[PDB]
Amino acid sequence: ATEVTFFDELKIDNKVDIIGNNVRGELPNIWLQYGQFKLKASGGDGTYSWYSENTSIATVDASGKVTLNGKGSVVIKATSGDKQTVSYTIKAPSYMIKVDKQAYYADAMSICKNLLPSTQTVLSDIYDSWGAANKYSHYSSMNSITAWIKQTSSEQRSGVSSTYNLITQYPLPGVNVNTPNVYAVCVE
């Protein structure tokens with residue numbers, strides 16, 4: 001006959017831990033596909049288990065680390081050992097960035113069905129919200145991710161287009177359309 005413990009009500013912290021930049025704040029409105037973050041649970045008996053109501057949109061492991069997989073809204077549930085369950089909802093993003101294979105500008109256009117990032121900000125804003133792409137499991141191997149930017153009217157005339165690197169923040173204008181080592185990043 002030992003003594004009993006008492007717990008507070010289970011609560012999922014609204015403050016999210018973004019793996020890429022060590023930021024503790026709400027989930028970014030704009031998404032990097034396969035970006036990751038740690039949901040912080042509290043209360044209960046300290047032991048939790050996580051569940052996704054839709055893997056197509058997002059997945060979650062045993063540590064609370066959530067991986068974004070698709071554009072949309074999904075509910076994540078945390079269950080403490082003492083039989084408490086709490087919901088945390090993921091609001092769909094304004095847009096999400098996808099990284100396909102490397103290609104020339106023209107090909108990248110068709111690949112992304114003409115949904116290449118409209119400006120450098122579309123891409124740089126994602127770095128500000130998530131940080132270096134390779135800090136995430138899905139991109140760990142890569143050291144550089146150069147992405148096409150939608151070429152301006154003048155750029156289309158000269159056969160070039162500027163680029164932005166999702167890891168190095170490196171901007172680069174006047175890149176010939178038929179340049180290798182450039183990823184087709186679809187903005188959806």
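Just so you know, residue 1 is the first one in the sequence shown, and it goes up from there.
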To the nearest 0.5 Å, how far apart are [atom1] in [X] and [atom2] in [Y]?
{"X": "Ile18", "Y": "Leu27", "atom1": "CD1", "atom2": "CG", "answer": "6.5 Å"}
{"X": "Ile149", "Y": "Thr119", "atom1": "CD1", "atom2": "OG1", "answer": "8.5 Å"}
{"X": "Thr89", "Y": "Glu53", "atom1": "OG1", "atom2": "CD", "answer": "10.5 Å"}
{"X": "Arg157", "Y": "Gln151", "atom1": "CZ", "atom2": "CD", "answer": "10.5 Å"}
{"X": "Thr121", "Y": "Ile126", "atom1": "OG1", "atom2": "CD1", "answer": "11.5 Å"}

Looking at [X] and [Y], would you say the former's side chain and the latter's main chain have a donor-acceptor pair under 3.5 Å?
{"X": "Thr152", "Y": "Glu155", "value": "yes"}
{"X": "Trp50", "Y": "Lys65", "value": "no"}
{"X": "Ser42", "Y": "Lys11", "value": "yes"}
{"X": "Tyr95", "Y": "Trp31", "value": "no"}
{"X": "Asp82", "Y": "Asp45", "value": "yes"}
{"X": "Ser73", "Y": "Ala92", "value": "yes"}
{"X": "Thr179", "Y": "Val175", "value": "no"}

*Given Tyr51 and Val60, is the side chain to side chain contact (heavy atoms under 4.5 Å, CB included) satisfied, shown in steps?*
CA-CA 7 Å; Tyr51 169 89; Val60 57; 5.7 Å; no
Answer yes or no: are there more than 12 heavy-atom neighbours, outside [X] itself, under 6.0 Å from its atom [atom1]?
{"X": "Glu26", "atom1": "CD", "result": "no"}
{"X": "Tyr170", "atom1": "OH", "result": "no"}
{"X": "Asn114", "atom1": "CG", "result": "yes"}
{"X": "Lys38", "atom1": "NZ", "result": "yes"}
{"X": "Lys71", "atom1": "NZ", "result": "yes"}

Considering all heavy atoms, the nearest [X]-[Y] contact:
{"X": "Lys101", "Y": "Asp107", "result": "NZ-OD2, 4.1 Å"}
{"X": "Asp128", "Y": "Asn21", "result": "O-OD1, 3.6 Å"}
{"X": "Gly43", "Y": "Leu10", "result": "O-CD1, 4.2 Å"}
{"X": "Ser52", "Y": "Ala58", "result": "OG-O, 2.8 Å"}
{"X": "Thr168", "Y": "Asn143", "result": "CG2-O, 4.2 Å"}
{"X": "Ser87", "Y": "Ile12", "result": "C-CD1, 4.3 Å"}

Can you see whether [X] engages [Y] through a side-chain donor-acceptor pair at a distance of less than 3.5 angstrom?
{"X": "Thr59", "Y": "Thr67", "result": "no"}
{"X": "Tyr127", "Y": "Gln169", "result": "yes"}
{"X": "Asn165", "Y": "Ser144", "result": "yes"}
{"X": "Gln102", "Y": "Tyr183", "result": "yes"}

Report yes or no: do [X] and [Y] belong to one cluster of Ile/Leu/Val/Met/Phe/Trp/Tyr joined by side chain heavy-atom distances under 4.5 Å?
{"X": "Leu115", "Y": "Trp148", "value": "no"}
{"X": "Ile167", "Y": "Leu123", "value": "yes"}
{"X": "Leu116", "Y": "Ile111", "value": "no"}

*Could you go step by step and tell me if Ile145 and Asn134 meet the side chain to side chain contact (heavy atoms under 4.5 Å, CB included) rule?*
CA-CA 9 Å; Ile145 305 182; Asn134 62 171; 5.8 Å; no
_One pair to check against side chain to side chain contact (heavy atoms under 4.5 Å, CB included): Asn178 and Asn176. What are the steps and the verdict?_
CA-CA 5 Å; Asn178 294 331; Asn176 296 145; 5.6 Å; no
*Taking side chain as C-beta onward, heavy atoms only, is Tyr48 less than 4.5 Å from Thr79?*
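No - every pair of side-chain heavy atoms lies 4.5 Å or more apart.
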*asked:* Does the plane of the ring in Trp130 sit parallel, tilted or perpendicular to the ring in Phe37? Use 30° and 60° as the thresholds.
replied: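 Correct class here is tilted.
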*Please step through side chain to side chain contact (heavy atoms under 4.5 Å, CB included) for the pair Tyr139 and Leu32, ending with a clear verdict.*
CA-CA 11 Å; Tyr139 305 105; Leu32 163 63; 3.9 Å; yes
